[PDB]
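Chains as they are written, first to last, in the deposited numbering: chain B, 395 to 408, 411 to 443; chain C, 150 to 199. A short worksheet on the structure shown next.
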Amino acid sequence: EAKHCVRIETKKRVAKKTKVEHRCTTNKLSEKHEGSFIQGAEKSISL
Amino acid sequence: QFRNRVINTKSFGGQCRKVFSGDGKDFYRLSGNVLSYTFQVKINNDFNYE
């Protein structure tokens, strides 16, 4: 999980101007692995 | 390949050459000329899993 988020606000008075901005981002990754291997051999020799 | 009959295997030559097969539990008449004929068994097993 990764998040980056910023909020900015400005007001100026002299005339009055204001700007406010909010920006946010979220990033997530999940990976799951599984593996199974089995091997077997038989030899039988009879006389 | 095995091929056709070449030797007469049943010329008894006027003999009564009985053999008792312990396998078949029966008497058989051998030819008068065959050197030997015997009925003991061998068994060979080869088994593989992979």
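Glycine is no exception: its CB is placed at the ideal position from the N, C-alpha and C atoms.
Legend entry - Interface flag, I434 (chain B) vs chain C, CB-CB below 8 Å: Against chain C, the CB of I434 (chain B) has no partner CB under 8 Å away; the residue lies outside that interface.
Inset, instruction - For chain C, find out if any of its Cβ atoms is closer than 8 Å to the Cβ of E427 (chain B); answer yes or no. - result: Not an interface residue.
Legend entry - Proximity of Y177 (chain C) and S185 (chain C) at Cβ, strictly below 8 Å: Between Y177 (chain C) and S185 (chain C), the gap from beta carbon to beta carbon reaches 8 Å or more.
Inset, instruction - Kindly give me the distance between the Cβ atoms of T421 (chain B) and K415 (chain B), rounded to whole angstroms, as I take these residues to be in contact under 8 Å. - result: Contact between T421 (chain B) and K415 (chain B) fails: their C-beta atoms lie close to 20 Å from each other, not under 8 Å.
Inset, instruction - Examine chain B for any beta-carbon lying closer than 8 Å to the beta-carbon of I192 (chain C), and answer yes or no. - result: Under the 8 Å criterion on CB atoms, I192 (chain C) is classed as interfacial with respect to chain B.
Inset, instruction - Could you tell me the distance, in whole angstroms, from the CA atom of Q189 (chain C) to the CA atom of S442 (chain B)? - result: Taking the CA atoms as reference points, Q189 (chain C) sits about 17 Å from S442 (chain B).
Legend entry - Option nearest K191 (chain C) by Cα separation, candidates C:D172, C:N182, C:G181: Out of C:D172, C:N182, C:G181, C:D172 has the C-alpha closest to the C-alpha of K191 (chain C).
Inset, instruction - Kindly say whether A437 (chain B), judged by its beta-carbon, lies nearer than 8 Å to any beta-carbon of chain C. - result: The beta-carbon of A437 (chain B) is placed less than 8 Å from the nearest beta-carbon of chain C.
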